[PDB]
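Student: quick one, what's the 3D model for this:
(chains A, B, C and D, ligands or ions: 2)
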Amino acid sequence: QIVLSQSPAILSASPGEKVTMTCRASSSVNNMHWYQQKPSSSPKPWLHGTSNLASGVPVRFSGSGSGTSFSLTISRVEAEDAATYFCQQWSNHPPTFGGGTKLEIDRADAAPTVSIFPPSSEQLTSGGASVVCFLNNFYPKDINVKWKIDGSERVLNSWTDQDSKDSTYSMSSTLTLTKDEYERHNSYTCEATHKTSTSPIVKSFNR
Amino acid sequence: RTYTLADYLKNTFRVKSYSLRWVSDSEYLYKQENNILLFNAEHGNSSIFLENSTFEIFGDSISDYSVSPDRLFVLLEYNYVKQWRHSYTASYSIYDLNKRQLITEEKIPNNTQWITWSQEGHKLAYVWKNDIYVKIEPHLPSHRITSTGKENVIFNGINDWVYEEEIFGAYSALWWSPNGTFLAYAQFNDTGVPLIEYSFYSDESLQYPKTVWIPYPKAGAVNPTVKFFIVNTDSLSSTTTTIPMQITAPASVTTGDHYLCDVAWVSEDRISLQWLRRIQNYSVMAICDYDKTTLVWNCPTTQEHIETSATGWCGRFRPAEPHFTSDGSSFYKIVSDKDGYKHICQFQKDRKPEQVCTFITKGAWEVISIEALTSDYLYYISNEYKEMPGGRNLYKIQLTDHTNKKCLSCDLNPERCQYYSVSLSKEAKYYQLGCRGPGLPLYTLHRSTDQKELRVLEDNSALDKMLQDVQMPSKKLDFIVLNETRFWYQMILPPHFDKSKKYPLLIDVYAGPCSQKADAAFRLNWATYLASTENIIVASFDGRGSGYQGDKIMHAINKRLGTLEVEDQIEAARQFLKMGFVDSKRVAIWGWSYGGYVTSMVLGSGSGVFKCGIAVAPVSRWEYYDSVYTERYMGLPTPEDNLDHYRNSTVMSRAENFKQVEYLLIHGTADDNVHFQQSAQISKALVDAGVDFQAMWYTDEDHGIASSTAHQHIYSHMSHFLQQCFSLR
Amino acid sequence: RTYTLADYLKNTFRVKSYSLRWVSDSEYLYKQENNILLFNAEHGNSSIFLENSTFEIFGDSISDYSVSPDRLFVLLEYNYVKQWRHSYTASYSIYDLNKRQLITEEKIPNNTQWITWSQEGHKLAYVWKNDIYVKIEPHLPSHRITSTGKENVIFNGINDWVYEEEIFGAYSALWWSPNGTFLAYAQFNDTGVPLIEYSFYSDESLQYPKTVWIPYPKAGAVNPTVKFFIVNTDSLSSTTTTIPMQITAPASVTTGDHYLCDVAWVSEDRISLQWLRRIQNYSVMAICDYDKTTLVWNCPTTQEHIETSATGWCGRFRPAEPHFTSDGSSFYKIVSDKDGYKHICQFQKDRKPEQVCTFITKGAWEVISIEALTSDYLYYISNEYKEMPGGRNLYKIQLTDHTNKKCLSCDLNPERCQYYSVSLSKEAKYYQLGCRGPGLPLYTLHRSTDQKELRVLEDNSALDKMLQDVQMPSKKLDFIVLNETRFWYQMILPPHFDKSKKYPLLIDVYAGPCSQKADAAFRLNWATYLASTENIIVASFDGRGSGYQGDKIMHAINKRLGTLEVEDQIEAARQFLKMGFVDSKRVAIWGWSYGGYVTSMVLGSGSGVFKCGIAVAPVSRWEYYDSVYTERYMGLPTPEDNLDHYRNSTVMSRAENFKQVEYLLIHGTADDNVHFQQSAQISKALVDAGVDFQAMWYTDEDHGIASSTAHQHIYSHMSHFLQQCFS
Amino acid sequence: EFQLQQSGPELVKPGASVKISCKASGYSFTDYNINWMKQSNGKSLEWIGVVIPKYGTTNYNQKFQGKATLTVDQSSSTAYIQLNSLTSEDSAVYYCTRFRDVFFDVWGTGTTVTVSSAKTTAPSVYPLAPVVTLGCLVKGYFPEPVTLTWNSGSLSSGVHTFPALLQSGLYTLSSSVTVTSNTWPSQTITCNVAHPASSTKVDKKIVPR
Ligand SMILES: N[C@@H](CC(=O)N1CCn2c(nnc2C(F)(F)F)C1)Cc1cc(F)c(F)cc1F
Ligand SMILES: N[C@@H](CC(=O)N1CCn2c(nnc2C(F)(F)F)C1)Cc1cc(F)c(F)cc1F
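Tutor: Residues are numbered from 1 along each chain as shown, chains lettered A, B, ... in the order given. Ligands and ions are numbered 1, 2, ... in the order given. What follows is the structure:
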């Protein structure tokens, strides 16, 4: 039906700054609607009739527009506002959705807490050995994590969503191996090249 | 405070109305908070018909609905896309009332150009890609009637551009039979019709502008051809081939080019076809009967009814509707009498040596419309009450004894209501009066026998409030005597109008053939603002050429479409200067469409009366406008007919005289009616003559300039001009 | 009395000039007005060449003439019908000078799109219906060179729309060899190039408007392709089929889309082809040699001189013209230094290991053009004298001794003349000087050896006697200092300018890439009226983006056409306020073409400096304008490149800010250059924004609005706007 | 005040069919209408259909006409959606919403529904120790939803529940928590893994190595 195009995918802005948001239609729309969705949660109603607040929506949020270019402005963005937004149309049946307006927040920098874990006695029982490594609390999402088998460069990654509390990110690097290959070398290295650094960050365990 | 420009544009003070659909003889349908309700006029109660939850099923995309005559199915219009004035595109889906669910088998296709229920029963016909389809049951497959359809070439069951605009005033060109056996339809071919081509720029994302084109017959150019057909819907099968049957003739009209300009079913095997020559002073109403033994519709010369006019053209804009009786012998028709006055007169199915019809009304006034026709009475509207042409009142007349002529809406509220419009029931035993002006609009329900008001549907009590702190203007309807005859005018006077003081005057003008700006209707429009806030007298005048006052006044501008109504608008201004409350140095004139042409011609006359003026979407010369409308009043642009006045009634010929005035030219770039060409030529002539003027184009706006923001911009832009012209800002 | 608007529009005060065409090294031609006369420069006498009667047989329909190199034939142009900026069609007829009568056998057909004599002799080549026709002898039949021509699809020997406008700057796309043996020509194909479509209403008599359409490649859209050919003209017969030889463009260039931008014959068996990628930061100058045996033009990799630019684009608007020597081994073109200054670099036919070349000029200034190159000396125009980018003077430098660096026009008249233009003879023995400003224009004849003025060709004394009762304005050329860099401006001051009093300011702006409004030239235009009559200071400013001042300034707006030049125009206004003779409550800005875009962006900036402004035929967003111009500065409008700034630098996005100003939008309906679309989108954005403004279209007017009555109307309408805005 | 609640997460094989409810309470259930949505794991939303509880009138999207079938029970105030003949393409999250004749003003909890030939599998839990940072690696389950909390709530700050990732038919969901140096060595801290489908109520405390 009407292909709505969100502009753009992800957008960042500091707390207390202005934030504008637009949904571009193809044909035409009489009245554009908006919806906020936090990761791993149901979408919430935000602005109906383009401008009017929903039953519970705060007063800093308000929008306007017409034709094939509607808008939604956010006065003074807070930490809790970090959540994905979607634009909805139903001037023409069937109703359609946008694509992705992930409202990012721009915060201060902080170094990643580099921890590490060897395989416990329970996991060695199954005839295997998964070495785990942790990186907690940081704004710069760019990083180059890599393992070394006493020099030789050889992984399962999993990333956290943006925190509504403090707008920081985290990471977990897991290295799955067998018990036989685990009993073939001594030291295990977990380094990384983060934005708030230059050379590899040192953290390891020994048998 | 006053009635400001913002109040008009944002539409704070809303003038309400009461729309209703007469389903039965004593039952109607009405909307309330998006919930359509069923009302029974037999009692004083209401029943829930179809809830807002049902329309909500498609969201806000529901533009309109249409319940079937049997009250078992509802046609749900959605995804509305406008085309021209009446034509549009929409998707459709049928709702079952008993089972309370949608019919999702054998659906109506996308971009359906038109749909219709039958007169009696749940039968559906529809047009899709210029081809007609028939659907006997909502759940059954549709039988294809035509396969000749092609975009902008062959139209089956729908009007092209010129027929939609100037002839039927509607997109539909198909007509169901009373019981539902037949389905009549017209076919138009635009093969020879030349194309108007303009640019559509669209949204800014579009890199290359699109060239829109329409088959548009300009004055003198090749017109479309027409072909009438009837198809038997009761004999439709997928086994046999569906074969419609064509009605040929009349032989008199088919000598040259001609038009189909009305059609009405009399009975299940009888139908009347109105025809008209390209030279629109000759109309034939051929009644035709179905010969079921040979399967051909017979049209004898005895059942034809000729209608002619030496002074000008047939009817007001077209030969009027014939209202047939139940049996289908006698039919009533609004026709001009020997004195030149539009009155109801009775015809029988058979014609007479000289077809004289018994006029049931003779007075010095005109019948506006025939609203209903019962077995023993007839309902109609006229401008008789208090000898006002601008007035409208409901009248009742008996067929047996003509002298029994009672008025139904005259003295119900003679101060508040002098302009009525009625919506009668099926057999006219209940009716709704629609008081439009000059007071706040009032809507009431009535019984036919007692003329007794059952209730007040809408009295604008909310509009009565809100306007408590506003300086309301006052409308003054009156006339003057010019050259041994009356000529009515209108004036929206400023609040608390003082005759001793002098005010600026603005002439609101349309002044087209059979137009009427001076009436007793109430309006909260741009004129209200100019009086309320800026203290400007907004006037209007119905000079020679105007309608509803006999064919002597209306046909005065025959073959002379830009001369008398030009001069009579100037004379009207001079007469207002004599009254002594008009500032002579601050007189202006403005008009839309034909009004733009009149405004432009008035300014180009060089009378010295008008200081400035505004033309919005003006006609420049008549060769650029369409054939049907232009050739109705003007001739053909040829040396053999009337080329000399075509060449002399142009705006750009009078370009040198614009140096004496301040001119504002406005025109939408995507105007399909009065093309941007016309203003483009005007402006080019003014440039060549070396006269300074003001201009304004509106990107992608049509003739109406009805886009919210464009509507706000033009009236705000025109206000600045008028303030600067009269030295207010 | 003053220099009124009527004087400008009626054009009562004609600024005279002196044209001429140098036939030989010692002789030139000039029109009396009735006749043409031949003036020998060694003598001081006249010889009548072609009488008024010879044109008068064709009446007033004669528009131009063209005498052949051998002086035996004259090509008479008539029935002139303009097309675009340079393109037009015309009828032609050859006139024998010896026999003194017209050649009426095998004549030139109607609607001839282009004609030209050969460099030597009298061989004619001409384009008709997109097909080239060679004609050795005026009375001989024509020889078809190609038969692939088609209206708006295949162009043979002529440029399509985008090549005519942006690349070559002319309609001709064919080049004769020095001796008339070869005729080079380019072939364009617009198949795939989308069309601009607009309505031409024509005269009142036309009932239905006509839809004009042009193959127009907009920014990012499909461009036309190009092919180069050379045909052997000496071997053309009606028995053998004519088979042209195609040259292949460099392999590095043909990887993607590319352009042909300049062609010059070095010798008979040698030719230089200038190529250029669609991403205009890479130009290859391939010198190709003719193979006598196999009949194929060889283009070795060793004879490919590459040009590049990390900061922006190659050349000013395109790669410069190379000037080869008579032997055809060494050539000279204007190229940027290490400091980014345009100077004359010496090249050979073969490239050097890493494209090194010898700069014969240096310093913080630029060379404008190269008018001539002799065996002994090199002639060029520069802006060095008195460190004035606006100034222009004729210079002379020796080939071996670079320090031998003269100036032939620095001291002729230092008050009256600071802006010169030159028209040299066939081998720099005589030359004409063209003093344009800042005084009344002066034209004189000269000798090359000793800088001696032979005679005064035009002194503009006739104009001088008429401008003795008029209140004359005065031009003030100067500069300011921003961030340790000097940006020059000019101001058309009102008569007897009093610095104590305050005046209204009008910022005349164009401010395009490599533009220069602030100069030392004399003009009797609309600005002089606003100063003379209305007492308005008309000023212009060459901020960042302007040329002739190093590539550091010019390439500052690379990928960014709506940010620096617009705010530098605002900043320049703020500086004029500080000077203390500008009424701050009455300042405006107007511009045509790119100036309309700058004006519109300035008004939509929200600075609050300007009260009102006028944009005439403005660009609205860069996606609408053509590819060659737009992509040179902005690149491609794609997510992978520069789509972000394309969306940001639109006029429509700044719609809401126009409520702080009074805006006048003007545009011709039949504009092929900057389509009416652009203003139509601007106006539509302002309407949606709810901003009130003034507008004016012009029916069937193009980009120039050069029609007489349309020209008078627009400047009258703009004058009324400023009277209303200031008074 | 107005509450919408659906059934729990689901798994099925290709070709099978499923049914999921949407119980509501607070408002007059018969008045307002119910609309259903679809959203893939990393894509935009998609409208399926709509029902009116009063009469049970339905209207479907063309894309889901021959797949989803909607019904409702007004006595229990519970709406249903019946997805017929599933494939790997149907693997997505589904929502039930209410319409105020304006927009989707009420929303349900949301339910993930997976479609795969692989049989159900139970998670393994491991206690991770620092040999301040703890951990609780869950490894070797399938469907999707594994609820992991510490001491059945309690610990909130320092928690980073990393979403699960597929590895040869084995979902691997890790977690972490951080506090002071004094608290852990003495007092006990435990992670509580739970997976409904395989019936597992697993406990594991972090012990000093
Ligand atoms: N095209 C005209 C249509 C009209 O005058 N009527 C509406 C249709 N109509 C009328 N009277 N009967 C009918 C109908 F039967 F068609 F509905 C009057 C109006 C009209 C006249 C002009 F001169 C012009 F420049 C534009 C324009 F739109
Ligand atoms: N299209 C532009 C071309 C140009 O600036 N020059 C003419 C050609 N040229 C120039 N300098 N060298 C050359 C030539 F080599 F191409 F001839 C200057 C002019 C131009 C720029 C605009 F922004 C605009 F909106 C319109 C317009 F007409």
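Student: same question for stretch D:138-145: list its buried residues.
Tutor: D:138, D:139, D:141, D:142, D:143, D:144, D:145 (16 or more other CB atoms under 10 Å in any protein chain shown). (Each C-beta comes from the backbone N, C-alpha and C, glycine too.)
Student: next one: stretch B:337-350
Tutor: In stretch B:337-350, counting by 16+ other CB under 10 Å, buried: B:341, B:342, B:343, B:344, B:345, B:346, B:347, B:349.
Student: ok, the residue in chain D sticking out farthest from the centre to ligand 1 distance?
Tutor: In chain D, the greatest distance from the average C-alpha position (CA atoms, centre = their mean) is reached by residue D:182, at 36.7 Å. As judged by CB to the nearest ligand atom, to the nearest Å, residue D:182 and ligand 1 stand 88 Å apart.
Student: distance of that residue relative to residue D:134?
Tutor: Between residue D:182 and residue D:134 the distance is 14 Å, computed by CB to CB, to the nearest Å.
Student: which secondary structure state does the residue in the stretch 201-350 of chain B that ligand 1 sits nearest to sit in?
Tutor: As assessed by CB to the nearest ligand atom, ligand 1 sits closest to residue B:317 within the stretch 201-350 of chain B, at 3.4 Å. Secondary structure, DSSP: H, G, I helix; E, B strand; the rest coil: residue B:317 is coil.
Student: contacts only, for it.
Tutor: By CB atoms under 8 Å, 6 or more residues apart in numbering or on different chains, residue B:317 lies in contact with B:166, B:514, B:632.
Student: okay, now the domains of chain A?
Tutor: A:1-107, A:108-207 (curated CATH domains).
Student: among these, which is nearest ligand 2?
Tutor: That would be domain A:1-107 among these, by CB to the nearest ligand atom, at 25.6 Å.
Student: please name the nearest non-neighbouring residue to residue B:729.
Tutor: Leaving aside its chain neighbours, residue B:729 sits nearest to residue B:723 (4.1 Å; criterion: CB to CB, 6 or more residues apart in numbering or on different chains).
Student: for residue 131, which non-adjacent residue is closest in space?
Tutor: No chain specified, so I'll use chain A. residue A:175 (4.4 Å).
Student: um, chain D though
Tutor: The nearest residue in space to residue D:131 (CB to CB, 6+ apart) is residue D:209, at 5.1 Å.
Student: can you give me the neighbour number for the one you found?
Tutor: 10 (other CB atoms under 10 Å in any protein chain shown).
Student: from residue A:121, how far off is it?
Tutor: According to CB to CB, residue D:209 stands 9 Å off from residue A:121.
Student: helices of the chain, start to end?
Tutor: With no chain named, the answer covers chain A. Read by DSSP state H, chain A holds these helices, from start to end of the chain: A:179-182.
Student: actually chain D
Tutor: According to DSSP H, the helices that chain D contains are D:183-186.
Student: domains in it, by residue range?
Tutor: The domain map for chain D lists D:1-117, D:118-208, with the assignment taken from curated CATH domains.
Student: the longest one near chain B anywhere?
Tutor: Yes: figure legend: domain D:1-117 in contact with chain B (CB under 8 Å from any CB of the partner chain); contacting residues D:31-33, D:50, D:52, D:54-60, D:65, D:99, D:101.
Student: now, which of these lie within strands?
Tutor: If you go by DSSP state E, those have D:33, D:50, D:52, D:57, D:58, D:59, D:60, D:99 in strands.
Student: which of those sit farthest apart?
Tutor: D:60 and D:99 (15.4 Å; CB to CB).
Student: what's the neighbour count on residue B:90?
Tutor: Neighbours around residue B:90, by other CB under 10 Å: 21.
Student: does it count as helix, strand or coil?
Tutor: State at residue B:90, reduced to three classes by three-state DSSP: strand.
Student: how about whatever helix or strand residue B:709 lives in: buried residues?
Tutor: Assigned by DSSP states H and E, residue B:709 falls within helix B:708-726. Buried positions in helix B:708-726, judged by neighbour count with 16+ other CB under 10 Å: B:709-715, B:717-719, B:721-722, B:725-726.
Student: for residue 27, give me its contacts.
Tutor: Went with chain A since none was named. A:2, A:68, A:92.
Student: look at chain D instead
Tutor: Residue D:27 neighbours (CB under 8 Å, 6+ apart): D:2, D:98.
Student: ok so, going back, what is the nearest of the buried residues of stretch B:337-350 to residue B:89?
Tutor: Out of the buried residues of stretch B:337-350, the member with the shortest distance to residue B:89 (by CB to CB) is residue B:342, at 36.9 Å.
Student: wait, isn't the closest one in contact with residue B:363?
Tutor: No: in this structure, residue B:342 is not within contact of residue B:363 by CB atoms under 8 Å, at 11.3 Å.
Student: what's the closest non-adjacent residue to residue A:65?
Tutor: Nearest residue to residue A:65, sequence neighbours excluded (CB to CB, 6+ apart): residue A:71, at 4.5 Å.
Student: surely the one you found meets residue A:29?
Tutor: No: assessed by CB under 8 Å, residue A:71 is found out of contact with residue A:29, at 12.0 Å.
Student: what is in contact with those two at once?
Tutor: Common contacts of residue A:71 and residue A:29 (CB under 8 Å, 6+ apart): none found.
Student: wait, isn't residue B:372 in contact with residue B:423?
Tutor: No: using CB under 8 Å, residue B:372 is not in contact with residue B:423; the gap is 9.9 Å.
Student: so which residue of chain A lies furthest out from the middle?
Tutor: residue A:184 (37.5 Å).
Student: next to chain D, which bits of chain B? Give me the list.
Tutor: Contact residues (CB under 8 Å from any CB) of chain B with chain D: B:34, B:51, B:52, B:53, B:54, B:56, B:57, B:58, B:100, B:101, B:102, B:104.
Student: can you flag the buried ones in those?
Tutor: Buried among the residues of chain B next to chain D by 16+ other CB under 10 Å: B:51, B:53, B:54, B:56, B:57, B:58, B:102.
Student: mind checking how far the fifth one is from residue D:33?
Tutor: It refers to residue B:57. Taken as CB to CB, the span from residue B:57 to residue D:33 is 7 Å.
Student: repeat that for the second one.
Tutor: Counting by CB to CB, the separation of residue B:53 from residue D:33 is 5 Å.
Student: what sits in contact with each of the two?
Tutor: Common contacts of residue B:53 and residue D:33, defined by CB under 8 Å, 6+ apart, comprise residue D:52.
Student: returning to what we had before: including neighbour count, could the ones in strands among the residues of domain D:1-117 next to chain B go into JSON lines?
Tutor: Formatted as JSON lines, these follow (neighbours: other CB atoms under 10 Å in any protein chain shown):
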{"residue": "D:33", "neighbour count": "24"}
{"residue": "D:50", "neighbour count": "25"}
{"residue": "D:52", "neighbour count": "23"}
{"residue": "D:57", "neighbour count": "22"}
{"residue": "D:58", "neighbour count": "18"}
{"residue": "D:59", "neighbour count": "23"}
{"residue": "D:60", "neighbour count": "21"}
{"residue": "D:99", "neighbour count": "20"}
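Student: show me the contacts for the closest residue to residue B:509 other than its chain neighbours.
Tutor: Nearest non-adjacent residue to residue B:509, counting by CB to CB, 6+ apart: residue B:591, 4.1 Å away. By CB under 8 Å, 6+ apart, residue B:591 lies in contact with B:508, B:509, B:510, B:511, B:597, B:598, B:599, B:614, B:615, B:616, B:618.
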